[PDB]
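As stored in target16.cif (mmCIF, C-alpha atoms and all ligand atoms):
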```cif
data_structure
#
loop_
_atom_site.label_atom_id
_atom_site.label_comp_id
_atom_site.auth_asym_id
_atom_site.auth_seq_id
_atom_site.Cartn_x
_atom_site.Cartn_y
_atom_site.Cartn_z
CA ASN W 1 17.16 0.35 3.48
CA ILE W 2 13.98 -1.31 2.22
CA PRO W 3 13.83 -2.99 -1.26
CA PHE W 4 11.72 -1.05 -3.81
CA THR W 5 8.24 -2.17 -5.08
CA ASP W 6 6.93 -0.28 -8.20
CA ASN W 7 3.51 0.71 -6.69
CA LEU W 8 4.56 1.20 -3.03
CA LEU W 9 6.43 3.73 -0.87
CA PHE W 10 6.98 2.69 2.76
CA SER W 11 7.91 4.99 5.62
CA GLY W 12 11.59 5.98 5.34
CA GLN W 13 11.82 5.38 1.58
CA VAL W 14 12.73 8.31 -0.70
CA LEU W 15 11.93 9.23 -4.33
CA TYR W 16 13.86 11.83 -6.36
CA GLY W 17 15.41 12.62 -9.79
CA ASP W 18 12.31 11.36 -11.70
CA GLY W 19 12.05 8.28 -9.39
CA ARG W 20 8.46 7.08 -9.45
CA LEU W 21 5.60 4.77 -8.47
CA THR W 22 3.71 3.08 -11.33
CA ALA W 23 0.49 1.02 -11.59
CA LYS W 24 -1.16 0.31 -14.98
CA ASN W 25 -1.11 3.68 -16.90
CA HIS W 26 -0.70 5.68 -13.63
CA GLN W 27 2.63 7.18 -12.58
CA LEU W 28 3.47 9.23 -9.45
CA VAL W 29 6.78 11.01 -10.22
CA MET W 30 9.13 13.09 -8.00
CA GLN W 31 10.54 15.04 -10.90
CA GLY W 32 13.96 16.67 -11.24
CA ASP W 33 12.23 20.08 -11.49
CA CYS W 34 10.88 19.66 -7.83
CA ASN W 35 7.26 19.02 -9.03
CA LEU W 36 5.48 15.90 -7.71
CA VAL W 37 3.24 14.77 -10.61
CA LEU W 38 0.62 12.07 -10.88
CA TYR W 39 0.26 11.19 -14.61
CA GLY W 40 -2.98 9.24 -14.86
CA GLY W 41 -6.62 9.24 -13.79
CA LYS W 42 -8.61 11.81 -15.86
CA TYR W 43 -7.00 15.17 -14.91
CA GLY W 44 -3.83 13.94 -13.26
CA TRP W 45 -2.44 15.77 -10.22
CA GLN W 46 0.52 17.97 -9.35
CA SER W 47 2.05 19.49 -6.22
CA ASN W 48 2.51 22.58 -8.50
CA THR W 49 6.04 23.12 -7.14
CA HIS W 50 8.11 23.38 -10.40
CA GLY W 51 11.44 25.20 -9.67
CA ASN W 52 10.65 25.83 -5.96
CA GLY W 53 13.90 24.05 -4.99
CA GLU W 54 16.90 22.09 -6.29
CA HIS W 55 17.52 18.32 -5.97
CA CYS W 56 14.17 17.82 -4.18
CA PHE W 57 13.11 14.47 -2.71
CA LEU W 58 9.90 12.84 -1.53
CA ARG W 59 9.76 11.03 1.81
CA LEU W 60 6.95 9.43 3.82
CA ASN W 61 7.72 9.67 7.55
CA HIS W 62 6.57 7.44 10.52
CA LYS W 63 3.52 9.63 11.33
CA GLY W 64 2.03 9.37 7.83
CA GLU W 65 3.14 12.72 6.52
CA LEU W 66 4.45 12.82 2.93
CA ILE W 67 6.95 15.64 2.34
CA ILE W 68 8.92 17.20 -0.51
CA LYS W 69 12.24 18.58 0.76
CA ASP W 70 14.87 20.43 -1.25
CA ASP W 71 18.66 19.75 -1.05
CA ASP W 72 18.86 21.96 2.15
CA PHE W 73 15.80 20.31 3.88
CA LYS W 74 13.47 23.28 3.19
CA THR W 75 9.84 22.09 3.05
CA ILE W 76 8.52 22.44 -0.53
CA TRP W 77 5.22 20.59 -0.06
CA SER W 78 3.50 18.45 2.57
CA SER W 79 0.40 16.15 2.60
CA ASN W 80 -0.26 17.65 6.14
CA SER W 81 -1.69 14.19 7.11
CA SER W 82 0.34 13.62 10.39
CA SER W 83 -1.21 10.86 12.55
CA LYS W 84 -0.18 8.20 15.18
CA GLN W 85 3.47 7.07 15.40
CA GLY W 86 4.08 3.85 13.46
CA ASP W 87 4.80 2.35 10.00
CA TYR W 88 2.92 3.73 6.99
CA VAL W 89 2.71 2.94 3.26
CA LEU W 90 1.88 5.07 0.24
CA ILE W 91 0.14 2.99 -2.44
CA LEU W 92 -0.32 4.09 -6.06
CA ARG W 93 -3.50 1.94 -6.41
CA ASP W 94 -4.71 0.22 -9.61
CA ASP W 95 -7.66 2.66 -9.59
CA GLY W 96 -5.38 5.74 -9.85
CA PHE W 97 -5.70 7.06 -6.30
CA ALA W 98 -2.39 7.42 -4.36
CA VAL W 99 -3.35 6.72 -0.73
CA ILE W 100 -1.40 6.80 2.57
CA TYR W 101 -2.34 4.02 5.02
CA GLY W 102 -1.18 3.51 8.57
CA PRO W 103 -0.04 2.86 11.16
CA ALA W 104 0.67 -0.88 10.69
CA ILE W 105 -1.71 -2.77 13.09
CA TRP W 106 -0.93 -6.42 12.27
CA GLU W 107 1.83 -8.44 10.63
CA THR W 108 2.65 -12.13 9.91
CA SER W 109 6.10 -11.83 11.61
CA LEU G 1 -7.34 -6.52 -7.45
CA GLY G 2 -3.81 -5.22 -6.99
CA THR G 3 -1.02 -7.79 -7.39
CA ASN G 4 0.42 -7.19 -3.86
CA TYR G 5 -2.26 -5.55 -1.76
CA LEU G 6 -5.83 -6.04 -0.59
CA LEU G 7 -8.14 -3.14 0.36
CA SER G 8 -11.00 -3.22 2.85
CA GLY G 9 -14.21 -4.23 1.04
CA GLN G 10 -12.18 -6.33 -1.49
CA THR G 11 -11.98 -10.14 -1.65
CA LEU G 12 -9.02 -12.42 -2.44
CA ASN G 13 -11.00 -15.24 -4.05
CA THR G 14 -10.26 -19.02 -3.80
CA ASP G 15 -6.85 -19.94 -5.47
CA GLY G 16 -6.03 -16.17 -5.62
CA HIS G 17 -2.54 -14.68 -5.10
CA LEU G 18 -0.80 -11.60 -3.63
CA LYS G 19 2.81 -11.69 -4.79
CA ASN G 20 5.98 -9.61 -4.21
CA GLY G 21 9.07 -11.20 -5.77
CA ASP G 22 9.65 -14.67 -4.25
CA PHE G 23 6.89 -14.22 -1.56
CA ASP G 24 3.61 -15.69 -2.80
CA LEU G 25 0.46 -15.44 -0.64
CA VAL G 26 -2.22 -17.92 -1.71
CA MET G 27 -5.84 -18.24 -0.48
CA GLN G 28 -5.95 -21.94 -1.33
CA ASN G 29 -8.77 -24.32 -2.38
CA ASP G 30 -8.14 -26.33 0.86
CA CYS G 31 -8.89 -23.07 2.94
CA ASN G 32 -5.26 -22.61 4.04
CA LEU G 33 -3.92 -19.07 3.53
CA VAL G 34 -0.23 -19.70 2.84
CA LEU G 35 2.61 -17.17 2.48
CA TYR G 36 5.03 -19.25 0.37
CA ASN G 37 8.71 -18.55 1.23
CA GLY G 38 7.49 -16.41 4.16
CA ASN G 39 7.25 -19.22 6.79
CA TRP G 40 3.63 -18.29 7.57
CA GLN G 41 0.19 -19.85 7.14
CA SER G 42 -3.28 -19.36 8.75
CA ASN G 43 -3.13 -23.15 9.60
CA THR G 44 -6.69 -23.69 8.34
CA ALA G 45 -6.14 -26.52 5.80
CA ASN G 46 -9.37 -28.59 5.26
CA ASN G 47 -11.37 -26.04 7.43
CA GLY G 48 -13.78 -25.31 4.56
CA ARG G 49 -14.44 -25.07 0.82
CA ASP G 50 -14.49 -22.03 -1.54
CA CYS G 51 -12.74 -19.98 1.16
CA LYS G 52 -12.08 -16.27 0.60
CA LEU G 53 -9.85 -13.65 2.22
CA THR G 54 -11.49 -10.35 3.18
CA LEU G 55 -10.34 -7.21 5.07
CA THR G 56 -12.89 -5.47 7.34
CA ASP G 57 -13.46 -1.70 7.86
CA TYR G 58 -11.63 -2.21 11.24
CA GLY G 59 -8.50 -3.68 9.59
CA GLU G 60 -9.13 -7.32 10.41
CA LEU G 61 -8.19 -10.02 7.93
CA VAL G 62 -10.97 -12.63 7.74
CA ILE G 63 -11.09 -16.05 6.08
CA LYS G 64 -14.68 -17.17 5.38
CA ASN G 65 -15.83 -20.45 3.79
CA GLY G 66 -18.26 -20.55 0.79
CA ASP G 67 -21.37 -20.14 3.05
CA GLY G 68 -19.78 -17.02 4.63
CA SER G 69 -18.88 -18.69 7.97
CA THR G 70 -15.71 -17.27 9.63
CA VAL G 71 -12.87 -19.83 9.50
CA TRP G 72 -10.03 -17.51 10.73
CA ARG G 73 -9.47 -13.85 11.71
CA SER G 74 -6.31 -11.75 12.42
CA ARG G 75 -7.99 -10.48 15.71
CA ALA G 76 -6.12 -7.11 15.58
CA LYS G 77 -8.67 -4.31 14.97
CA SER G 78 -8.62 -0.52 14.93
CA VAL G 79 -11.03 2.38 14.12
CA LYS G 80 -13.70 2.26 11.37
CA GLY G 81 -12.05 3.27 8.07
CA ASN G 82 -10.21 2.14 4.89
CA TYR G 83 -7.39 -0.36 5.42
CA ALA G 84 -4.77 -2.01 3.20
CA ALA G 85 -3.12 -5.43 3.65
CA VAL G 86 0.25 -5.20 1.84
CA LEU G 87 2.76 -7.94 0.96
CA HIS G 88 6.01 -6.24 2.01
CA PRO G 89 9.08 -7.13 -0.20
CA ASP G 90 10.89 -8.51 2.90
CA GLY G 91 8.13 -11.19 3.07
CA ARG G 92 5.58 -10.13 5.65
CA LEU G 93 1.88 -9.49 5.05
CA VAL G 94 1.07 -6.22 6.88
CA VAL G 95 -2.25 -4.48 7.59
CA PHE G 96 -1.97 -0.70 7.50
CA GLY G 97 -4.72 1.70 8.36
CA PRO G 98 -6.85 3.71 8.37
CA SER G 99 -6.17 5.94 5.31
CA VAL G 100 -4.89 9.42 6.33
CA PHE G 101 -4.40 11.00 2.85
CA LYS G 102 -5.41 10.52 -0.81
CA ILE G 103 -4.28 12.04 -4.11
CA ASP G 104 -7.30 12.14 -6.46
CA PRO G 105 -6.37 12.45 -10.22
CA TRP G 106 -10.05 11.77 -11.21
CA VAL G 107 -11.32 15.12 -9.80
CA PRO G 108 -9.38 18.46 -10.35
CA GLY G 109 -8.81 18.79 -6.55
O1 LIG M 1 -1.42 15.30 -15.91
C1 LIG M 1 -0.59 15.68 -14.80
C2 LIG M 1 -0.50 17.21 -14.74
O2 LIG M 1 0.17 17.72 -15.93
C3 LIG M 1 0.41 19.17 -15.82
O3 LIG M 1 1.19 19.51 -14.66
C4 LIG M 1 2.42 18.81 -14.64
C5 LIG M 1 3.47 19.64 -15.38
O4 LIG M 1 3.80 20.73 -14.50
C6 LIG M 1 4.97 21.52 -14.89
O5 LIG M 1 4.70 22.16 -16.16
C7 LIG M 1 6.19 20.62 -15.03
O6 LIG M 1 6.55 20.06 -13.74
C8 LIG M 1 5.90 19.50 -16.03
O7 LIG M 1 7.00 18.58 -16.03
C9 LIG M 1 7.44 18.31 -17.36
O8 LIG M 1 8.05 19.49 -17.94
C10 LIG M 1 9.17 19.98 -17.16
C11 LIG M 1 9.71 21.29 -17.76
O9 LIG M 1 8.62 22.15 -18.12
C12 LIG M 1 10.27 18.91 -17.11
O10 LIG M 1 11.35 19.38 -16.28
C13 LIG M 1 9.67 17.62 -16.52
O11 LIG M 1 10.64 16.56 -16.50
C14 LIG M 1 8.45 17.18 -17.34
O12 LIG M 1 8.86 16.90 -18.69
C15 LIG M 1 4.65 18.73 -15.60
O13 LIG M 1 4.29 17.77 -16.60
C16 LIG M 1 -0.94 19.92 -15.75
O14 LIG M 1 -1.67 19.70 -16.99
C17 LIG M 1 -1.76 19.37 -14.56
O15 LIG M 1 -3.07 19.95 -14.54
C18 LIG M 1 -1.88 17.84 -14.64
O16 LIG M 1 -2.58 17.33 -13.50
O1 LIG M 2 7.12 -24.25 3.46
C1 LIG M 2 6.15 -23.54 4.23
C2 LIG M 2 5.29 -24.54 5.00
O2 LIG M 2 4.87 -25.64 4.17
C3 LIG M 2 3.84 -26.40 4.80
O3 LIG M 2 2.64 -25.58 5.04
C4 LIG M 2 1.94 -25.30 3.81
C5 LIG M 2 1.05 -26.50 3.44
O4 LIG M 2 0.06 -26.66 4.48
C6 LIG M 2 -0.83 -27.74 4.23
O5 LIG M 2 -0.09 -28.96 4.15
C7 LIG M 2 -1.61 -27.50 2.92
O6 LIG M 2 -2.40 -26.31 3.05
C8 LIG M 2 -0.64 -27.32 1.75
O7 LIG M 2 -1.37 -26.91 0.57
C9 LIG M 2 -1.05 -27.70 -0.59
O8 LIG M 2 -1.54 -29.08 -0.48
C10 LIG M 2 -3.00 -29.16 -0.44
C11 LIG M 2 -3.46 -30.60 -0.28
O9 LIG M 2 -2.94 -31.37 -1.37
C12 LIG M 2 -3.62 -28.52 -1.69
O10 LIG M 2 -5.09 -28.57 -1.65
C13 LIG M 2 -3.17 -27.07 -1.79
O11 LIG M 2 -3.71 -26.53 -3.00
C14 LIG M 2 -1.63 -26.99 -1.82
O12 LIG M 2 -1.14 -27.60 -3.03
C15 LIG M 2 0.37 -26.23 2.09
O13 LIG M 2 1.34 -26.22 1.07
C16 LIG M 2 4.40 -27.03 6.11
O14 LIG M 2 5.35 -28.07 5.78
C17 LIG M 2 5.09 -25.97 7.00
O15 LIG M 2 5.79 -26.59 8.09
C18 LIG M 2 6.04 -25.09 6.19
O16 LIG M 2 6.47 -24.01 7.02
#
```
Represent the structure contained in this file as structure tokens.
Ligand SMILES: OC[C@H]1O[C@H](OC[C@H]2O[C@H](O)[C@@H](O)[C@@H](O[C@H]3O[C@H](CO)[C@@H](O)[C@H](O)[C@@H]3O)[C@@H]2O)[C@@H](O)[C@@H](O)[C@@H]1O
Ligand SMILES: OC[C@H]1O[C@H](OC[C@H]2O[C@H](O)[C@@H](O)[C@@H](O[C@H]3O[C@H](CO)[C@@H](O)[C@H](O)[C@@H]3O)[C@@H]2O)[C@@H](O)[C@@H](O)[C@@H]1O
Amino acid sequence: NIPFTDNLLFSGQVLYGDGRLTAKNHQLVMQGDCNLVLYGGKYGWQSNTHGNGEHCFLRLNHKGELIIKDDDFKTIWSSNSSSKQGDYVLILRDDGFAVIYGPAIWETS
Amino acid sequence: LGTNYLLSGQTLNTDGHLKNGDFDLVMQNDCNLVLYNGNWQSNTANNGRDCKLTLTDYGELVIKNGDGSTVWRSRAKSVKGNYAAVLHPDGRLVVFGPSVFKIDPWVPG
């Protein structure tokens, strides 16, 4: 497992049970009610998936797709942003946008 | 600027930091870009004054002196787009890109 950073979600990492990303006043929350909610910006954002499943979780895969699965691995919501195989990161930026970047093209080690 | 990431079009100014726990990335006054506790540096000490770290629209990290002359570059490049250089909690600086998805809480969409 990868250590957690408040404003980041790397490929393989999971959020659930009100686990969240935070930056300034912005929060991106995988709520217990299966709704993925961004509290911040001007209007906020939601996946609009309240009660669509039980014990749902958020996971960014290694193709850059961000998915909400329920306890039985039924797809609840997807970013539908599948791209090249590699390492990705979801950043809840200081400016309120939550953006998926990848694959990783360069590293120090 | 975010505390642990740099976006394409943004600048990490002289004596500026990117930090994630014990790993502290500094664009120093002596032009050396040093990842403290991460056993990595650009190895450009005394190569210029008022040096700045930028990230191109091709995902290349660039160190330029005060006059805008290129002192160092990461060499790895990809397609024109929006990139993000992230200080991973395990102590690597990683360039991810291009962006494949964005949540916009500033516009109802
Ligand atoms: O500003 C963000 C967003 O807020 C509104 O949508 C999010 C709400 O959607 C559902 O009503 C719920 O998921 C709600 O979650 C709260 O209430 C739940 C029970 O009703 C509870 O289980 C949760 O823990 C939480 O308290 C969300 O808050 C809406 O205004 C959007 O337009 C807006 O973008
Ligand atoms: O422990 C990591 C690493 O440390 C050493 O590399 C980093 C140093 O590289 C150069 O010596 C300088 O860039 C130095 O920067 C400090 O000293 C400068 C001159 O006084 C000053 O201007 C800077 O502001 C800064 O204080 C870096 O600290 C080296 O021993 C590596 O082998 C070792 O891996």
request  = May I ask which of the residues W:16, W:106, W:88, W:43 is the closest one to ligand LIG 1 (chain M), counting only C-alpha atoms and all ligand atoms?
outcome  =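 Residue with the minimum atom-to-atom distance to ligand LIG 1 (chain M): W:43.
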Report as a Markdown table the residues of stretch 70-106 of chain W within 6 Å of stretch 84-105 of chain G, each with its shortest atom pair and distance in Å (one decimal), using all atoms listed in the file, ordered by chain and increasing residue number.
```
| residue | atom | partner | partner_atom | distance |
| --- | --- | --- | --- | --- |
| W:81 | CA | G:100 | CA | 5.8 |
| W:97 | CA | G:104 | CA | 5.3 |
| W:98 | CA | G:103 | CA | 5.0 |
| W:99 | CA | G:102 | CA | 4.3 |
| W:100 | CA | G:101 | CA | 5.2 |
| W:101 | CA | G:99 | CA | 4.3 |
| W:102 | CA | G:97 | CA | 4.0 |
| W:103 | CA | G:96 | CA | 5.5 |
| W:104 | CA | G:96 | CA | 4.1 |
| W:105 | CA | G:95 | CA | 5.8 |
| W:106 | CA | G:95 | CA | 5.2 |
```
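The two atoms in question, atom CA of residue G:41 and atom CA of residue G:61, are spaced 12.9 Å apart.
Near ligand LIG 1 (chain M), the residues found within 6 Å are residues 31, 33, 35, 37, 38, 39, 43, 44, 45, 46 and 50 of chain W (criterion computed using all atoms listed in the file).
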Would you compute the box with edges along x, y and z of the file around ligand LIG 2 (chain M), including every atom the file lists for it and 6 Å extra on each side, and give its centre and edge lengths in Å to one decimal, as JSON?
```
{"center_x": 1.0, "center_y": -27.5, "center_z": 2.5, "size_x": 24.2, "size_y": 19.8, "size_z": 23.1}
```
ask   = Quick one: of W:51, W:3, W:19, W:32, who's nearest to chain G, counting only C-alpha atoms?
value = W:3
message = At a cut-off of 7 Å and counting only C-alpha atoms and all ligand atoms, what residues surround ligand LIG 2 (chain M)? Please answer as a PyMOL selection string.
response = chain G and resi 28-30+32+34+36-37+39-41+43+45
task = Please provide as a PyMOL selection string all residues within 10 Å of residue G:7, with the sequence filter that same-chain residues fewer than 2 positions apart are discarded (counting all atoms listed in the file).
result = (chain W and resi 93) or (chain G and resi 1-2+5+9-12+54-57+59+82-86+95-97)
remark   = Judged by only C-alpha atoms, the minimum distance to residue W:14 among W:30, W:85, W:108, W:78 is found for W:30
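The spacing separating atom CA of residue G:48 from atom CA of residue G:21 amounts to 28.8 Å.
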Å distance separating atom CA of residue W:86 from atom CA of residue G:77, one decimal place =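 These atoms are spaced 15.2 Å apart.
The residue that comes closest to chain G, out of W:84, W:42, W:47, W:71 and on the basis of all atoms listed in the file, is W:42.
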query = Of the candidates W:76, W:91, W:29, W:58, which shows the shortest atom-to-atom distance to chain G, using all atoms listed in the file?
reply =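 With all atoms listed in the file as the atom set, the closest residue is W:91.
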ask   = Counting all atoms listed in the file, which of W:54, W:27, W:41, W:67 gets nearest to chain G?
value = W:41
request  = Tell me, as a PyMOL selection string, which residues lie within 12 Å of residue G:47, counting all atoms listed in the file; anything in the same chain fewer than 6 positions away does not count.
outcome  = chain G and resi 28-33+63-66+69-72
